[PDB]
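Here is how the chains run, residue by residue.
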Protein chains: 2
Amino acid sequence: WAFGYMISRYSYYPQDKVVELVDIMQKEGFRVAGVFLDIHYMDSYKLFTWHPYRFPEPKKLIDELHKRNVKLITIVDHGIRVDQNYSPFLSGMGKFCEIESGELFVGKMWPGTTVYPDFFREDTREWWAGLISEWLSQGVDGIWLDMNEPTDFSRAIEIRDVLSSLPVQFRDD
Amino acid sequence: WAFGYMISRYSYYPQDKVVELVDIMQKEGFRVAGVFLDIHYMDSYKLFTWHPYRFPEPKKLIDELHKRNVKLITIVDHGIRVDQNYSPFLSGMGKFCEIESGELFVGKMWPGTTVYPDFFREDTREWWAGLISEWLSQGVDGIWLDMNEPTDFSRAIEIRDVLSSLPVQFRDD
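- Method of determination, as given in the entry header: X-ray crystallography; reported resolution: 2.55 Å.

Here it is, written out as structure tokens:
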């Protein structure tokens, strides 16, 4: 099924619209293997969370998709939000990337201020596998890893803040 | 009396305070020949006007000062406010400075957007003499001409608007 016809967008939501679209596609004769859910499904772009208003009942969505024989693939970025009450941030502590001087590498990504997992380490990899596994257990069929170059926007944003008001054009480096 | 002791400030107001100060000076033995009124006495820095709140009764002030044998000297700048309902602007029309291309030279000074009298012309001189004469007739004893280099702030303000944002410091040219 990974080689079947996949539909995706940035993004499809709320959950009822996802099902409505799949139904119309199938009704008109298109065999859809799976649908991709882009970042709008998350709560404030926080990894491993569901938007409380757009996706109040994810279980219902997964069941509806599976009843229709459609796989669900969810995007997962690499940025962990520096949030005091965000579980992944607290549990991942100790396994994030650092900078030469010893502090954590704090940057900028979709969820705002963020830290990044140091995937080169065994414990980080194990910790991540755990979150993924837990995420897959709801019935999610696939993982879409994005922005994993790895990408960071703190430098770009820093430039945009300092020369924001200046009526000039920035080169695209 | 022009060689006597003059007190001034930028500025003395409202009118009751001007008289109070002169009284204290005289009571303590200082022979004051005259007091200078800086730009705060004008209405929005408009030449030949009295601030409706600080100097609501100019005649009363002048009389109070004259009763105490104290002359009154008022500052008069060279900028005419580009104001649709400002008399000097309307009556001076035709006698203001222009730029090479023919339009009026519109700049910036205390009253904001302003035009300037072309004093090199005899007609402008006659027009100005008229306003001065009319101004002196209330009992004003002297004229203090300021900013008549002539000075203009449109270039400075133009620079400050475009580079206002930059955390950089400007050279004082």
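**A closer look at the packing of helix 1 (residues 15-27) of chain A against helix 2 (residues 58-67) of chain A**
Residues and elements named next belong to chain A.
Then, number 1: For the pair helix 1 and helix 2, interaxial distance at closest approach is 10 Å and the crossing angle is 5°. Here helix 1 lies roughly parallel to helix 2, going by the angle between them. On the side of helix 1, the interface is formed by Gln15, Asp16, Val18, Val19 and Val22, while helix 2 contributes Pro58, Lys60, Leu61, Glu64 and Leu65.
Then, number 2: Of the residues belonging to the contact of helix 1 with helix 2, the class tally is 6 nonpolar, 1 polar and 3 charged.

**What about the layout of surface pockets?**
All names here are of chain B.
Then, number 1: Estimates place the volume of the largest pocket at around 500 Å³.
Then, number 2: Taken together, 13 residues make up the lining of the largest pocket; nearest its centre are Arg155, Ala156, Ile159, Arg171 and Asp173.
Then, number 3: Split by residue class, the lining of the largest pocket holds 6 nonpolar, no polar and 7 charged.

**A closer look at the relation of the copies chain B and chain A**
Between the two chain copies there is a screw-like relation: a rotation about an axis and a shift along it.
Then, number 1: For the pair chain B and chain A, the relating rotation is 180°, the translation along its axis is 0.3 Å, and the fit reaches an RMSD of 0.1 Å. Taken together, the turn and the small shift mark the pair as related by a two-fold rotation axis. Across chain B, the rotation axis passes nearest the C-alpha of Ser165 of chain B, at a separation of 2.9 Å.
Then, number 2: Looking at the interface residues of chain B, 75% of them are also at the interface in chain A, so both copies use one shared face.

**Focus: the nonpolar core**
Then, number 1: Counting residues in hydrophobic clusters, the biggest one holds 34 residues, and the most contacted among them are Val35 and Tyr41 of chain B.
Then, number 2: Taken together, the elements giving at least two residues each to this core come down to helix 1 (15-27), strand 2 (34-37), helix 2 (58-67), strand 3 (71-76) and helix 4 (122-136) of chain B.
Then, number 3: The leading source of residues in this core is helix 4 of chain B, at 5 residues.
Then, number 4: If near-sequence neighbours (up to four positions away) are discounted, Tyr41 of chain B is found in contact with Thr49, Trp50, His51, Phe55, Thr74, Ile75, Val76 and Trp135 of chain B.
Then, number 5: Of all hydrophobic cores here, the second largest spans 33 residues; its members include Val19, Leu72, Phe96 and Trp127 of chain A.

**Some points on unusual backbone geometry**
All names here are of chain A.
Then, number 1: Cis geometry marks the peptide bond from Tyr13 to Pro14, where omega comes out at 0°.
Then, number 2: Examined against the element boundaries, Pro14 turns out to sit in the loop between strand 1 (5-7) and helix 1.
Then, number 3: For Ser44, which is not a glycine, the phi torsion comes out positive at approximately 60°.
Then, number 4: Along the polypeptide, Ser44 turns up in the loop between strand 2 (32-37) and helix 2.
Then, number 5: Phi at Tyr45 takes a positive value of approximately 65°, unusual for a residue other than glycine.
Then, number 6: Position of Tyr45 relative to the elements: it lies in the loop between strand 2 and helix 2.
Then, number 7: For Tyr45, a relative accessible area of 33% corresponds to the partly exposed category.

**Quick notes on the sheet that holds strand 4 (residues 80-81) of chain B**
Residues and elements named next belong to chain B.
Then, number 1: With antiparallel pairing, the 3 strands of this open sheet are ordered in space as 4-6-5. Among the strands making up the open sheet, the edge pair consists of strand 4 and strand 5 (107-109).
Then, number 2: The sheet contact formed by strand 4 and strand 6 (residues 112-115) spans 2 bridges and is antiparallel. Each residue of the ladder has a partner; that of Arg81, found in strand 6, is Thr114.

**Digging into the interface of chain B and chain A**
Then, number 1: Between chain B and chain A, the contact holds 4 residues from the first and 4 residues from the second.
Then, number 2: Counting the surface chain B buries against chain A, the share from its top three residues, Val162, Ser165 and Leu166 of chain B, is 81%.
Then, number 3: For the pair chain B and chain A, the number of links is 0 salt bridges.
Then, number 4: On inspection of chain B and its partner chain A, the count reaches 0 residue pairs in polar contact.
Then, number 5: Here the residues of the side of chain B that touches chain A sort into 3 nonpolar, 1 polar and no charged.

**Focus: the sheet that holds strand 1 (residues 6-7) of chain B**
Residues and elements named next belong to chain B.
Then, number 1: The strand order 1-2-3-7 describes an open sheet built from 4 strands, whose pairing is parallel. Both edges of this open sheet fall to strand 1 and strand 7 (142-145), since each of them pairs with a single strand only.
Then, number 2: With 4 bridges joining them, strand 3 and strand 7 adopt parallel strand pairing. Within strand 7, the position partnered with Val76 by the bridge is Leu145.

Calculation notes
Residues numbered from 1 in each chain as written, not as in the entry; some residues may be left out. Chains lettered and ligands numbered in written order. Part of a larger assembly, values for the part shown. Heavy atoms only, no water. Axes fitted to C-alpha atoms, helices over the stretch in contact; angles between N-to-C directions. Helix = DSSP H or I, 4+ residues; strand = E, 2+ residues; numbered from the N terminus. Parallel < 35°, antiparallel > 145°, perpendicular 65-115°, else oblique. Contact = heavy atoms within 4.5 Å. Nonpolar A, V, L, I, M, F, W, Y, C, P; charged D, E, K, R; others polar. 1 Å grid on protein atoms, 1.4 Å probe; cavity = no way out; pocket = protein on both sides within 12 Å on 5 of 7 lines; lining within 4 Å. Points joined across faces, edges and corners; volume = space filled by probe spheres on them. Least-squares fit on C-alpha atoms. Core = buried A, V, L, I, M, F, W, Y, C linked by side-chain atoms within 4.5 Å. Buried < 20%, exposed > 50% of the residue type's maximum accessible area, 1.4 Å probe, protein only. Pairing = 2+ DSSP bridges. Buried area = accessible area lost by both parts, 1.4 Å probe. Salt bridge = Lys/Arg side-chain N within 4 Å of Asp/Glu carboxyl O. Polar contact = N/O pair within 3.5 Å; in protein donor to acceptor, adjacent residues only side chain to side chain.

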